[PDB]
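The structure file run.cif is reproduced below (mmCIF, C-alpha atoms; chains and numbers go by the auth columns).
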data_protein
loop_
_atom_site.group_PDB
_atom_site.id
_atom_site.type_symbol
_atom_site.label_atom_id
_atom_site.label_comp_id
_atom_site.label_asym_id
_atom_site.label_seq_id
_atom_site.Cartn_x
_atom_site.Cartn_y
_atom_site.Cartn_z
_atom_site.B_iso_or_equiv
_atom_site.auth_seq_id
_atom_site.auth_asym_id
ATOM 1 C CA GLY A 1 76.344 53.534 156.085 0.00 1 A
ATOM 2 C CA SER A 2 78.152 56.263 154.180 0.00 2 A
ATOM 3 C CA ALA A 3 78.671 53.895 151.231 0.00 3 A
ATOM 4 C CA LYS A 4 82.018 55.598 150.666 0.00 4 A
ATOM 5 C CA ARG A 5 83.318 52.928 148.302 0.00 5 A
ATOM 6 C CA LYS A 6 81.174 53.154 145.184 0.00 6 A
ATOM 7 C CA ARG A 7 79.350 56.192 143.813 0.00 7 A
ATOM 8 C CA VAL A 8 76.585 54.123 142.240 0.00 8 A
ATOM 9 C CA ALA A 9 73.030 53.634 143.498 0.00 9 A
ATOM 10 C CA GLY A 10 70.669 55.847 141.548 0.00 10 A
ATOM 11 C CA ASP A 11 70.367 58.740 143.972 0.00 11 A
ATOM 12 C CA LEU A 12 70.359 61.928 141.906 0.00 12 A
ATOM 13 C CA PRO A 13 68.693 62.518 138.509 0.00 13 A
ATOM 14 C CA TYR A 14 70.648 62.160 135.291 0.00 14 A
ATOM 15 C CA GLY A 15 72.891 65.154 134.901 0.00 15 A
ATOM 16 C CA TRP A 16 73.359 65.684 138.627 0.00 16 A
ATOM 17 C CA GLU A 17 76.701 64.978 140.267 0.00 17 A
ATOM 18 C CA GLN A 18 77.199 64.595 144.013 0.00 18 A
ATOM 19 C CA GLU A 19 80.100 66.624 145.398 0.00 19 A
ATOM 20 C CA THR A 20 81.264 68.008 148.720 0.00 20 A
ATOM 21 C CA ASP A 21 82.461 71.505 149.548 0.00 21 A
ATOM 22 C CA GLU A 22 85.283 72.696 151.803 0.00 22 A
ATOM 23 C CA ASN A 23 82.918 72.911 154.779 0.00 23 A
ATOM 24 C CA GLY A 24 82.061 69.262 154.291 0.00 24 A
ATOM 25 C CA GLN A 25 78.579 70.186 153.179 0.00 25 A
ATOM 26 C CA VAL A 26 77.337 67.974 150.396 0.00 26 A
ATOM 27 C CA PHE A 27 75.953 69.652 147.327 0.00 27 A
ATOM 28 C CA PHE A 28 74.690 68.607 143.940 0.00 28 A
ATOM 29 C CA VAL A 29 75.674 70.010 140.583 0.00 29 A
ATOM 30 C CA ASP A 30 73.929 69.316 137.317 0.00 30 A
ATOM 31 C CA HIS A 31 76.288 69.131 134.346 0.00 31 A
ATOM 32 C CA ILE A 32 73.627 69.801 131.724 0.00 32 A
ATOM 33 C CA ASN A 33 72.673 73.373 132.592 0.00 33 A
ATOM 34 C CA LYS A 34 75.540 73.519 135.092 0.00 34 A
ATOM 35 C CA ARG A 35 74.061 74.686 138.395 0.00 35 A
ATOM 36 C CA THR A 36 75.617 73.897 141.776 0.00 36 A
ATOM 37 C CA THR A 37 72.976 73.662 144.507 0.00 37 A
ATOM 38 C CA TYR A 38 73.568 73.010 148.204 0.00 38 A
ATOM 39 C CA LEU A 39 70.044 71.625 148.511 0.00 39 A
ATOM 40 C CA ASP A 40 68.511 68.292 147.541 0.00 40 A
ATOM 41 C CA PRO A 41 66.935 68.548 144.060 0.00 41 A
ATOM 42 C CA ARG A 42 64.667 65.515 144.427 0.00 42 A
ATOM 43 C CA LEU A 43 61.837 67.271 146.288 0.00 43 A
ATOM 44 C CA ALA A 44 59.373 68.220 143.537 0.00 44 A
ATOM 45 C CA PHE A 45 61.780 67.306 140.774 0.00 45 A
ATOM 46 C CA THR A 46 60.609 63.812 139.913 0.00 46 A
ATOM 47 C CA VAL A 47 62.054 62.464 136.666 0.00 47 A
ATOM 48 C CA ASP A 48 59.364 61.620 134.119 0.00 48 A
ATOM 49 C CA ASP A 49 61.048 59.084 131.823 0.00 49 A
ATOM 50 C CA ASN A 50 64.217 60.191 130.026 0.00 50 A
ATOM 51 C CA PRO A 51 63.178 61.201 126.482 0.00 51 A
ATOM 52 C CA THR A 52 63.938 64.187 124.282 0.00 52 A
ATOM 53 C CA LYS A 53 61.186 66.176 125.961 0.00 53 A
ATOM 54 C CA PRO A 54 61.418 69.973 125.612 0.00 54 A
#

Structure encoded using structure tokens:
Amino acid sequence: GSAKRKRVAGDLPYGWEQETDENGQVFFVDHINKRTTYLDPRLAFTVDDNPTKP
């Protein structure tokens, strides 16, 4: 289903927020570097742990 009751599952990487635009197109925006992207950032962007890695 749409799961439109709780925004918790573990979909996007840490930092990324799931929002929707005025066209009803879903988009993701990271709040670390602060980039809004209308594409899914899980393709080649696999999270390797979550340490202080530069």

Determine, counting all atoms listed in the file, which protein, DNA and RNA residues have an atom within 12 Å of an atom of residue 11 in chain A; residues of the same chain fewer than 3 positions away are not included. Present the result as a list in words. residues 7, 8, 14, 15, 16, 17, 18, 28, 40, 41, 42, 46 and 47 of chain A

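Taking only C-alpha atoms into account, residue 20 in chain A lies nearest to A:38 out of the set A:4, A:38, A:33, A:53.
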
Interatomic distance, CA of residue 39 in chain A to CA of residue 27 in chain A (Å, one decimal):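 A separation of 6.3 Å between them.
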
Between A:37, A:2, A:43, A:50, which one has atoms that come closest to residue 19 in chain A, using only C-alpha atoms?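 Ranked by minimum distance to residue 19 in chain A, first place goes to A:37.
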
With distances taken over all atoms listed in the file, which of A:3, A:34, A:13, A:22 is nearest to residue 49 in chain A? A:13

Could you state the separation of CA of residue 6 in chain A and CA of residue 26 in chain A in Å, given to one decimal place? 16.2 Å

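If you look at CA of residue 32 in chain A and CA of residue 45 in chain A, they are 15.1 Å away from each other.
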